[PDB]
Each structure stands twice: as C-alpha cells, then as structure tokens.
Amino acid sequence: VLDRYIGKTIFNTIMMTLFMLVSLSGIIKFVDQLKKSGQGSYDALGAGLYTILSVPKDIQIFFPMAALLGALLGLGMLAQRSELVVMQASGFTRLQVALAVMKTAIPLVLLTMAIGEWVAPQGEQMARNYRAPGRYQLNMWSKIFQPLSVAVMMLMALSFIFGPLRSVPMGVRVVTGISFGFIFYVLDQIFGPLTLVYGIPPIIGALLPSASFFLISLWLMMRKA
Amino acid sequence: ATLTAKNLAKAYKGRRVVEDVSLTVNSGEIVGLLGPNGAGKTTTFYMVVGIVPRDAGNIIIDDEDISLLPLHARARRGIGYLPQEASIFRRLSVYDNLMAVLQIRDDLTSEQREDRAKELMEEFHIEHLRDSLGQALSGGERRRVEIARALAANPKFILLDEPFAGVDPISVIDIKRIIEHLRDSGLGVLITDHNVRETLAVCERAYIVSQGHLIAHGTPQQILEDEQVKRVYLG
Amino acid sequence: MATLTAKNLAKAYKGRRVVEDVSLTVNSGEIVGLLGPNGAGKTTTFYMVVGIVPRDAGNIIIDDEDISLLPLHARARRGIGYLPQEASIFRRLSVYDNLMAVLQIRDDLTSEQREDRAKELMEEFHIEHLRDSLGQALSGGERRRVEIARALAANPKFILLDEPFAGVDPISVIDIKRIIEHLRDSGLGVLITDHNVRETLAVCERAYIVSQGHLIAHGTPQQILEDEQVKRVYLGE
Amino acid sequence: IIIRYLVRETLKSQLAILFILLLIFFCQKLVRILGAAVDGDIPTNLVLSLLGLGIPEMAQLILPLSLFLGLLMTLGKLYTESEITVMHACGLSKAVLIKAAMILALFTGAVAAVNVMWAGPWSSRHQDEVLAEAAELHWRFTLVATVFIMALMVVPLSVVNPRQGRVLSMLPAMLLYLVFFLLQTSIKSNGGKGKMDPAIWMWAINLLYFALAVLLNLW
Ligand SMILES: CCCCCCCCCCCCCC(=O)O[C@H](CCCCCCCCCCC)CC(=O)O[C@@H]1[C@@H](NC(=O)C[C@@H](CCCCCCCCCCC)OC(=O)CCCCCCCCCCC)[C@H](OC[C@H]2O[C@H](OP(=O)(O)O)[C@H](NC(=O)C[C@H](O)CCCCCCCCCCC)[C@@H](OC(=O)C[C@H](O)CCCCCCCCCCC)[C@@H]2O)O[C@H](CO[C@]2(C(=O)O)C[C@@H](O[C@]3(C(=O)O)C[C@@H](O)[C@@H](O)[C@@H]([C@H](O)CO)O3)[C@@H](O[C@H]3O[C@H]([C@@H](O)CO)[C@@H](OP(=O)(O)O)[C@H](O[C@H]4O[C@H]([C@@H](O)CO[C@H]5O[C@H]([C@@H](O)CO)[C@@H](O)[C@H](O)[C@@H]5O)[C@@H](OP(=O)(O)O)[C@H](O)[C@@H]4O)[C@@H]3O)[C@@H]([C@H](O)CO)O2)[C@H]1OP(=O)(O)O
C-alpha cells in the first residue's frame with residue numbers, strides 16, 4: 001500500500017503539475033494566437049484550436065520538464081512533511097522508493113508515448129490545419145527516446161530528493177525543478193540542433209546529452225554514501 | 001537488546017560538531033539526549049538514527065555493524081525514528097497508513113498482518129480513525145498514529161525526535177504515556193527534546209551533550225550532582 | 001505609568017471563532033504573559049495586541065489613545081514594540097548600522113543624541129564589543145541582545161516579546177530573563193507569549209492565559225495554579 | 001538609513017537574479033537562434049553575435065523582471081527571516097519598502113531607459129546587417145513605467161502569503177505580473193511598425209495596474 005500512496009502522491013503531482021503548466025503553455029501561446037488573430041477567427045482559436053493546441057506541448061517539451069518538477073515538488077513534498085523520512089525510518093528501502101516512483105513512470109510513459117504517437121502528431125498537425133534528415137531524423141529518434149527522458153527526469157528527482165534535499169524549503173526544490181527542468185529544456189533544443197553542427201552521429205550521440213542527465217543523476221546518487 | 005555507540009564524531013564541513021560521544025541504551029531504559037541545541041545534541045541523535053551518515057564512530061545493536069548502513073537498513077533491523085514534523089500520511093487513512101508500514105515486515109503473513117494492524121489501532125485508541133483521511137488530526141491524535149506507524153515496523157529501539165515539541169503541558173502526560181507504553185514493551189526509547197525540565201522526568205538515564213562532546217551520562221538525579229550543569233547550565 | 005489596555009478583542013478566521021472577547025491590560029513596570037494551549041487563543045490574540053494580524057473586533061488603548069485600527073505603521077511608532085520569535089536581526093547589516101536604522105526613523109530625537117543613544121544603547125546590553133560586528137555573525141544567545149536592543153531603539157512602551165524561549169537553552173532562559181528585567185526596569189510593560197509554561201511564570205508578575213478562544217486566567221502565578229479551569233486544560237499538575 | 005541597506009541587499013540580490021535571468025533568457029534566445037540556425041541555415045560564425053545583439057531585446061523584459069524577481073526574493077527572504085515584520089514593528093512604515101524600491105527602481109529604470117532610449121535602436125541596426133549581406137513607442141514608453149509600477153506592486157504581494165508557503169507567495173505576484181506583461185504584450189499588436197499607433201488601451205491596462213498597485217498597498 002505504501003507504494004500505492006507514493007504513486008498517487010508522485011503521479012498526482014506529476015499530472016496536476018503537467019496540467020497547470022499546460023494551462024500556462026496554452027494561454028501564453030493562446031495570446032500568441034490572439035496576436036495572429038484576424039485571419040478569420042479568434043473565438044474558434046479559443047475552442048477548436050485550443051484543445052489540439054494543448055496536447056502537443058506536453059510530449060516534446062512540457063512533459064519531461066514538468067516530470068522532474070512533478071516528483072521533485074511531489075517526492076519532496078513528502079519530505080517537506082517528513083513523510084519520506086518516516087517512510088525510510090519505517091524500513092521502506094531507499095532502493096524501493098526508486099522502485100516505487102519509477103514504477104509509477106510505467107503508467108506515465110504510456111500516458112506520454114501513446115499521447116506522443118496517436119494524438120501529439122495527429123492533433124498538432126490537425127491544429128495547424130485549422131489555421132488556413134538534418135532536422136526530422138534528429139527529432140524523430142529523440143521522440144523515440146521521449147519515454148527514456150521522463151524516466152530519467154523522474155530518476156533525476158530521486159537523486160535530488162535523496163541527495164541534495166538537506167532539509168531545504170519546498171521553494172528551493174521548486175527552483176531546482178524550475179532550473180534543472182529548464183536545463184533539461186535548453187539541453188533539448190540547443191544540444192539537439194547543435195548535434196549536426198559538431199557532427200555528432202545519430203547512430204552514437206544525438207539527444208543522449210539530454211539523457212546524460214542520467215550521468216548527472218548518477219553523480220547525485222552515490223556522492224554522499 | 002542494545003543500541004550502543006562507539007566514539008561517534010562528525011563534521012558537516014570541518015567544524016567538529018560532535019567529538020567522541022558514546023551513548024548506550026538497553027531495552028526498557030528510556031534515555032534522553034539533552035544539552036545545548038545545535039551543539040551536537042541533534043547531530044549525534046541524527047547520526048544514531050541514520051539521517052546524518054557516520055564519519056568516524058561506530059554504532060552497534062548487539063554485534064552487527066550498522067555504521068555504513070543507511071537509515072532504512074538500520075531501521076529494518078531495530079530502529080524506529082519519530083520525526084519532529086507531522087508525518088501523518090496526509091493522503092492516506094490510518095488503517096492504510098499502518099498496513100502500509102506493516103507490509104515492510106515481510107515475515108508477517110497478510111492474514112495475521114491485519115490482526116497486527118487492529119492490535120495497534122486499539123492499542124493507541126485510534127481504531128475509530130480507520131476511515132479517517134488522516135489529513136488532519138489533533139496533537140494527541142497525530143502523534144498516536146505516528147507512534148503506531150513506527151511501532152508497526154516492530155523495531156528494537158525507537159528514537160523520538162522532540163516528542164514534546166510545541167505541545168501544551170497537559171498533553172505531556174499523553175505524550176509521556178505514549179512513551180510509557182514503548183518502555184512497557186521490550187523497546188528502547190531515545191528522546192532528543194530540548195525541554196530538559198519535561199524530558200528528564202521520564203528517562204532512567206540520559207546522555208547530555210555540549211559543544212561537541214557529551215559531558216553528562218547517567219540518571220538526571222546524578223546530573224544534578226554534576227558540576228558542569230549545576231554551574232554552566234543552571235548557575 | 002503608561003498602560004497597554006486591550007479589551008473586547010475578537011476575530012474569526014474563515015468564520016470559525018478563533019478568539020472571543022479578551023480583556024488584557026498591562027502597565028509600565030508589569031510583565032504579563034500570553035499563555036495557554038497552542039492555537040486556542042495565543043498567536044492570534046497576541047498579534048492583534050501588536051497589530052500584525054488585523055483585528056476584527058475590539059479596541060486597544062495606550063496613553064489614553066486608541067490604536068486598534070492603526071497597523072505597525074503607527075502602532076509601532078507610538079507605543080508598541082514587537083520582537084518576533086525568529087531571527088528578526090538585520091542579517092546583512094552591521095550592529096552600529098542596524099541599531100541606528102530603527103533609531104533614526106523616529107524623528108523625535110536630535111541627530112547628535114541620535115548618534116549618541118546608539119552608543120549608549122549598545123553599551124546597555126553589553127554589545128559594545130559587538131560594534132560594527134556584521135549581523136549573521138552572532139549566535140542566537142546574542143541575536144537577542146541586538147534584537148531587543150533594536151526593538152528598544154524606538155522609545156516603545158509595552159515591549160511585546162513573541163516567544164522569547166524559542167532556542168530553549170536553560171542558560172539562555174536565565175540570560176533572557178535578565179534583559180527582560182532591564183526592559184521592566186526601563187519603565188515599560190512586557191508581554192510574553194512563550195510556549196513553555198513553567199519558565200515564563202518565573203519572570204511574569206501577571207499572566208493572561210487564553211484557552212478555547214476565551215481568556216481564562218490573569219494575575220499572579222500563585223493565583224494561576226490554584227485555579228481549576230486553567231489547570232485542567234493547560235497544566236494538569 | 002536602513003533604506004540604503006534595503007537597496008544594497010536587493011541590488012546584491014537583483015544583480016544575481018539578473019545573471020540568472022540573463023542565462024534563462026540566453027537559452028530562450030539561443031533556442032530561437034538555434035532553431036533559426038537549423039531552419040534558415042544561418043552560419044555559425046555570427047550566431048554568437050546575434051545572442052549578444054538581442055540583449056537589449058531581452059533587457060526590456062528582464063530589467064523590470066530582474067528588479068521584480070530581486071524584490072520578490074529579497075522581500076521574500078527578509079520576510080522569511082521575519083525581518084520585515086519587525087521592520088514595521090520597530091516604527092518604519094511600508095513606505096520604507098516603497099522608497100527603497102523606488103530609490104533602486106530609478107536606477108533600473110534609468111538602465112531600462114538606456115536599453116530603450118539608445119541600446120534598443122542600437123541593437124536593431126547592428127542586428128540588421130551582421131555582415132550577412134556579403135506605435136512601438138507606446139510599448140517602448142510603458143517599459144520604464146512598468147518598473148515603477150512593479151516596484152510599487154511587489155511590496156504588497158510578498159508579506160501576507162509566506163506564512164504558509166516559501167514560493168507560494170511569489171505565485172500571485174508572478175501571475176499578476178505575468179497577466180500584466182502578456183496583456184501589455186498582447187495589446188502592442190495592432191498598428192505596429194510605421195507611424196500608426198495602437199488604440200488607447202495599452203496604457204489603459206498599464207494605468208489599471210498602477211491603480212491596482214496603489215489599491216492593495218494602502219492597507
Ligand atoms: C521564475 C523566474 C522567471 C524566469 C524568467 C522568465 C523566462 C521568460 C522566457 C522568455 C524569453 C524570451 C522572451 C520573449 O520570447 O519575448 C517576448 C515574451 C514576453 C514575455 C517574456 C517574459 C515574461 C515576463 C517576465 C517573466 C515574469 C515571470 C515574446 C516575443 O518576443 O514575441 C513574439 C514571439 N512570442 C514568444 O516568443 C512567446 C514567449 C512567451 C514567454 C513565456 C514566459 C513564461 C514565463 C513563465 C513564468 C512563470 C510564473 C508566472 O516566448 C516563448 O514561448 C519562448 C519559450 C520561452 C520559454 C523559456 C523557458 C522558461 C523557463 C522558466 C523557468 C526557468 C512569437 O513567436 C515565437 C513562437 O515560437 C515558437 O512557436 P512555433 O514553433 O513558431 O509555433 C514557440 N514554441 C516554443 O518555444 C516551444 C514550446 O511551445 C515551449 C517550450 C518552452 C520551454 C518548455 C519548458 C519550460 C521549463 C519548465 C520547467 C518547469 C512559441 O512558444 C509559444 O507559443 C508559447 C509557449 O506555449 C509558452 C511558453 C512556455 C513557457 C512556460 C514556462 C513555465 C515556467 C514555470 C515555472 C517558472 C513562440 O510563441 O512571435 C515573434 C518571433 O517570431 C519572429 C522573430 O522575430 O523571430 C517574427 C516573425 O513574424 C511573425 C511572428 O511570429 O510574430 C510570424 C509571421 O509569420 C507573421 O505571423 C507575423 C505577423 O503576425 C503578420 O501579421 O508575425 C517572423 O519575422 C519576419 O518573418 C519574415 C521575414 O523572414 C521576411 O521574409 C516576414 O514574412 P513571413 O515569411 O511572411 O513571415 C515577416 O513579415 C510579416 O509581417 C510583416 C508586417 O507585419 C510588418 O511588420 C514588421 O515589423 C514587426 C516588428 O515591428 C515587431 O516588433 C514584425 O511583425 C516584423 O519585424 C515585420 O517585419 C508583413 O509585411 P506586409 O506584407 O504586411 O507589408 C509580411 O508580409 C509578413 O506577414 C517578419 O518580417 C520570424 C523571423 O523573424 C523570420 O526571419 O519569427 C516574437 O516577436 P519578436 O520576437 O518581438 O519579434
């Protein structure tokens with residue numbers, strides 16, 4: 001049961017965080033549609049464009065950036081109420097918490113890959129139709145590595161909640177999630193297009209620095225043991 | 001059953017916040033870790049529990065080393081730690097909360113595990129809170145769920161981190177009564193509360209630590225005979 | 001001489017009656033505690049005496065003048081001095097700068113005496129050696145010498161200390177009582193709201209205890225222990 | 001005065017957020033540049049220059065937000081230390097927060113003016129050629145008036161919430177800030193380049209916030 005409670009806490013925080021951040025993404029880009037309004041209709045952009053405007057922003061961008069911010073705010077919200085320490089002081093294994101949260105990423109990658117194969121390219125391509133290689137290859141392989149990125153953002157939260165938690169204020173964790181969750185962002189749109197500039201072969205590198213958060217999550221897991 | 005420490009010492013970044021402190025607690029022997037705050041009282045306590053990793057000392061239960069062992073591995077054997085904060089499993093009911101922890105004890109079968117859950121629920125008079133969400137409970141109620149939860153892991157020694165933190169002195173009887181049941185069973189208490197005037201009335205013997213090194217070890221009656229606290233603590 | 005008279009004070013949070021009519025009066029040279037079960041009446045009735053949390057009903061009168069409506073913008077300017085439980089000391093400022101900082105806001109002082117009093121106030125609490133000592137470089141034991149010294153640098157009456165015994169070290173308890181004696185000797189009322197009961201009464205001449213949102217006790221600590229209503233809800237022997 | 005300390009803490013904190021906001025806005029502008037680098041095949045020789053040429057473009061958005069984020073974090077941390085709540089308990093008024101902000105917002109505003117009066121046009125003309133070839137004023141003017149408004153707007157939006165949330169105090173201040181900026185950015189749409197000017201609502205919304213700034217400050 002204690003793992004199921006971890007699931008709702010960690011999974012509900014990830015889902016709610018994704019929803020609030022998606023609302024922000026919508027209206028911040030919605031006002032962008034208001035800027036492009038006058039082609040024929042803005043209220044239609046409010047209804048028809050908005051729904052298929054929201055779903056894509058999660059998978060390529062706001063899902064993993066909010067995935068870290070979901071557990072690192074959530075799994076640290078338990079340690080904010082001293083739930084985690086009592087969870088560990090009751091003998092729930094530290095390697096079982098990572099076996100608990102990451103096991104709740106299996107229901108979360110399915111809610112990402114299936115929302116990134118059947119409605120992210122089907123809806124977004126439908127969303128721009130409502131407004132009437134060097135590039136693709138890098139992206140496509142990266143979009144296959146999308147489940148690994150949220151599984152690593154969720155693995156970065158475990159190290160950030162078992163390593164640098166240091167009885168911090170929840171606020172600090174949020175900006176840690178805001179910052180590394182933004183570091184993961186810049187490392188996904190700068191390093192990813194830079195791949196062709198430095199000639200990093202897709203067969204070997206491409207978006208791996210984005211998934212090299214693992215190596216940034218592996219020096220943050222054994223550092224103090 | 002013992003929870004002994006050998007020459008414990010630790011520096012956060014080189015300040016030597018604790019220097020050669022040894023604490024020994026036997027089952028049924030309530031012990032208090034009293035003294036100046038931030039001077040080593042909490043850090044030595046947190047080093048025993050496992051929150052602060054061990055540096056140069058050594059903690060032993062009976063003969064098994066638990067120095068490198070983290071909290072949970074130490075906890076899975078005999079250690080039950082009660083945090084200062086709430087830790088009431090806000091989004092989980094008390095029935096589930098106890099049964100969630102009880103699942104850690106692997107040797108206990110599910111059919112008997114439910115009886116163990118009912119045993120603790122009626123042991124701390126929180127059985128009627130099985131349907132309660134657990135989000136909000138009174139200071140009397142809140143600690144009883146935590147203690148039941150900690151007692152559910154069936155530890156050998158339980159360490160209370162300021163059980164008398166921000167509590168009205170009429171509930172100090174309730175909190176001490178919760179401590180009284182822990183000593184009534186084959187359990188070892190370790191209180192770390194700063195209210196020395198309220199903790200010391202419960203402990204058989206206490207280790208009082210100051211400026212890094214423990215200076216007083218024994219019953220509070222013996223502490224009053226110690227000149228350090230009678231001249232530099234009281235006057 | 002001067003009196004901090006709080007009457008009829010009451011306020012309901014979200015509609016729930018947090019505190020009902022409480023009548024608490026403290027004069028210069030009197031030390032009154034604000035004690036009771038946590039959350040019942042303290043930390044909400046006490047603050048409204050200070051003015052931090054706004055008051056919903058009641059009236060506060062000091063120097064025969066009402067201040068109940070005015071927040072610390074004028075409540076602290078006239079006759080009320082509040083000291084929080086945590087580290088209110090100006091962390092990134094030096095002691096000969098932070099003392100004058102609130103000493104120089106009050107226009108009712110010549111600048112020559114303004115620079116003088118800080119020298120005279122700093123020596124009062126044995127802070128002379130801690131002259132330009134930057135803040136954040138002081139222990140919690142001295143955090144209070146400067147914290148009280150600063151809150152004293154406004155000519156405030158009825159210095160309300162908010163939980164002076166937060167970092168409870170029983171040698172700090174003796175020290176804090178000593179400096180509170182000076183504040184009482186400074187011809188000021190004192191209003192303490194410390195968590196523990198057994199030590200505050202050792203320094204309080206009177207103690208207004210508020211429980212269940214309704215003020216219950218007042219007067220000498222000896223008078224307090226013989227009352228059944230407070231004992232059965234706060235101490236219980 | 002304590003006001004000098006209030007600024008010196010804020011300025012030492014704003015100058016740190018300014019670097020942090022510079023990095024955050026560096027990445028966004030670099031992502032847009034890198035995206036255009038792979039789309040328009042813009043040579044890598046001058047992509048760094050473009051990043052260092054859009055700084056005034058970002059400056060309009062960060063210089064108010066660096067003071068604001070500085071004000072929010074400084075007043076956040078000062079209130080988290082329960083220092084402001086004694087700063088009023090010791091006889092200073094909330095005007096001390098305002099006067100501390102303004103005596104430091106005049107600085108940021110003056111720099112904001114420099115990024116508006118000179119560096120703005122300076123940035124664009126260098127941004128036009130970059131050796132490659134081998135109205136607005138209502139938004140331009142409200143940028144300075146934004147700084148004074150937000151410094152007036154931050155001081156009431158950080159001292160009632162931190163009782164329960166360290167960062168939850170920033171959210172209403174940030175969201176009310178964001179609703180200002182995007183709406184201000186939204187309005188500067190009709191009647192742009194040229195002499196045509198937007199209808200009278202950009203300063204109508206902007207002046208609304210000033211009224212909303214004073215409204216909750218006078219408490
Ligand atoms: C806590 C502490 C706080 C931290 C700090 C805060 C951080 C803030 C970050 C902001 C940094 C950047 C600042 C900024 O961004 O600044 C401005 C922003 C202001 C606010 C920012 C600060 C906030 C306040 C301060 C903070 C307070 C808190 C915006 C801007 O800048 O405005 C505009 C900009 N908006 C934004 O950027 C939104 C902003 C939004 C910012 C959001 C901030 C959020 C903070 C949250 C705080 C939380 C607390 C509350 O940022 C983004 O989102 C970027 C992502 C940012 C995220 C960063 C990470 C955040 C992490 C936070 C935690 C650390 C917008 O496009 C950007 C979109 O791109 C992607 O979408 P897409 O992929 O594209 O879909 C993004 N997708 C994404 O990123 C991906 C994802 O989604 C998002 C992922 C993000 C990260 C995810 C994870 C995050 C981490 C999470 C961790 C927890 C979208 O994302 C979106 O949707 C929004 C998105 O959902 C939301 C964002 C999500 C954020 C979430 C954060 C959550 C955090 C929570 C925890 C903290 C994004 O919206 O348009 C312009 C740029 O396009 C330009 C360019 O200039 O480059 C201009 C083009 O013209 C366009 C236009 O697009 O406008 C298109 C045209 O087709 C047409 O339509 C035209 C008109 O409409 C026509 O009517 O308009 C065109 O030009 C030229 O092209 C051609 C040229 O080549 C010649 O051939 C010409 O022909 P043509 O070929 O035909 O085109 C063109 O001529 C046309 O016009 C002519 C006439 O008009 C003449 O007029 C002339 O003059 C005019 C000038 O005078 C005008 O000045 C101009 O019109 C021209 O010059 C023109 O010449 C006609 O002539 P005539 O014939 O008529 O004569 C002509 O024929 C023809 O029609 C023209 O010349 C072209 C280029 O030039 C080519 O050369 O591209 C910008 O204007 P500009 O830049 O100012 O110019």
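Structure determination for this entry is recorded as cryo-EM, at 3.85 Å resolution.

Colleague: Provide a residue-level description of helix 1 (residues 2–39) of chain D, including the pertinent values.
Modeller: If you check helix 1 of chain D, its first and last C-alpha atoms are 53 Å apart, about what 38 residues at 1.5 Å a residue would give, namely 56 Å. One or two positions beyond helix 1 of chain D, positive phi appears at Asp41 of chain D, with a value near 55°.

Colleague: Tell me about the pattern of salt bridges, and name the residues and values.
Modeller: The tally for this structure, following the rule as stated, stands at 17 salt bridges over all chains. Two residues, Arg140 of chain D and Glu136 of chain D, come together in a salt bridge whose shortest N-O distance is 3.3 Å. In this pair, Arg140 of chain D and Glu136 of chain D are both assigned in helix 7 (residues 136–154), four residues apart and thus about one turn of the helix distant. Connected through salt bridges with shared partners, the residues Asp32, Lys35 and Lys36 of chain A form a single ionic network.

Colleague: Break down the sheet that holds strand 10 (residues 205–210) of chain B for me, citing the residues and quoting the values.
Modeller: All names here are of chain B. Taking strand neighbours across the sheet as the criterion, the six strands line up as 7-8-9-5-10-11 in an open arrangement whose pairing is mixed. Edge positions in the open sheet fall to strand 7 (79–82) and strand 11 (213–218), since each of these has one partner strand only. Here the average twist between neighbouring strands, direction ignored, is 15°. The pairing of strand 5 (residues 31–34) with strand 9 (residues 188–191) spans two bridges and is classified as parallel. Residue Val31 lies in a different strand from strand 9, and its bridge partner there is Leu190. Along the sheet, helix 5 (residues 139–152) contacts strand 7 and strand 8 (157–160); its crossing angle with strand 7, the most-contacted strand, is approximately 165°.

Colleague: Got a sec to walk through the interface of chain D and chain C? Specific residues and values, please.
Modeller: Taken residue by residue, the interface counts 20 residues in chain D and 25 residues in chain C. For the pairing of chain D and chain C, the buried interface totals around 2,000 Å² over both sides, and the portion due to carbon and sulfur atoms is 62%. Considering only the side of chain D, the residues that lose the most area to chain C are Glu81, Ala89 and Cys90 of chain D, jointly responsible for 25% of the buried surface there. At the surface where chain D touches chain C, the tally comes to one salt bridge.

About the criteria used
Residues numbered from 1 in each chain as written, not as in the entry; some residues may be left out. Chains lettered and ligands numbered in written order. Heavy atoms only, no water. Residues with missing side-chain atoms left out of burial classes, pairs and counts. Helix = DSSP H or I, 4+ residues; strand = E, 2+ residues; numbered from the N terminus. Expected span 1.5 Å × (residues − 1). Salt bridge = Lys/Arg side-chain N within 4 Å of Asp/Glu carboxyl O. Pairing = 2+ DSSP bridges. Axes fitted to C-alpha atoms, helices over the stretch in contact; angles between N-to-C directions. Contact = heavy atoms within 4.5 Å. Buried area = accessible area lost by both parts, 1.4 Å probe.

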